[PDB]
Structures are given as C-alpha cells and as structure tokens.
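K.L.:
Sending over a structure as structure tokens; questions will come in a sec.
For neighbour counting, all protein chains shown are included, and Cβ atoms are generated from backbone atoms with ideal geometry for every residue, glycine included. Derivation of every value follows stated rules applied to the coordinates shown; laboratory data play no part.
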Amino acid sequence: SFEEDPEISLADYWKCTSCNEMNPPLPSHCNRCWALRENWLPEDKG
Ligand SMILES: [Zn+2]
C-alpha cells in the first residue's frame, strides 16, 4: 500500500535492528517492539 507522500516517502524509512521492522522517519523506535533507533541524530564524533 502506497499513498501520496512527497514530503515523507517510505524510502526514508528505517530498519529496526531488533525485529527488522520498517518505520518512517517521523519516529525513532520501531512501531512494534519500540526498538528506539541507534543511528538517527547527527552523529559527529570529535
Ligand atoms: Zn522492532
């Protein structure tokens, strides 16, 4: 199922490393197990 989403395409989604679920960029944790993403915010070590 795909709908009009030019502002937020499903391609921008992410893959929860816990269960391997797909989620949008809006949230951070998987919408099932709540596997709060790890690599989201701008990670700039140094
Ligand atoms: Zn998950």
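K.L.:
How big is the chain in terms of Cα radius of gyration and Dmax, in angstroms?
P.N.:
Final numbers for Rg and Dmax: 12.0, 42 Å.
K.L.:
Could you work out the relative contact order of the chain, using alpha carbon pairs under 8 angstrom and six or more residues apart, expressed as a whole percent?
P.N.:
24
K.L.:
Cut-off is 10 Å between beta-carbons; in what order do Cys30, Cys19 appear when sorted fewest neighbours first?
P.N.:
Ascending number of Cβ neighbours within 10 Å: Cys19, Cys30.
K.L.:
Also: Quick one: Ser28, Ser9, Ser1, fewest Cβ neighbours within 10 Å first, how do they rank?
P.N.:
In increasing order of surrounding Cβ atoms, one gets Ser1, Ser9, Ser28.
K.L.:
Could you list the chymotrypsin sites (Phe, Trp or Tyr not before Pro) in segment 1-45 that lie in coil according to DSSP, counting only those with at most 12 other Cβ atoms within 10 Å of their Cβ?
P.N.:
In loop regions of segment 1-45 (DSSP not H, G, I, E or B), the sparsely surrounded chymotrypsin sites (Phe, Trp or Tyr not before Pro) are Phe2, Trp34, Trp40.
K.L.:
Can you give the charge dipole size of the chain about its Cα centre, rounded to the nearest 20 debye, using +1 on the beta carbon of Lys and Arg and -1 on the beta carbon of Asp and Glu?
P.N.:
It works out to roughly 340 debye.
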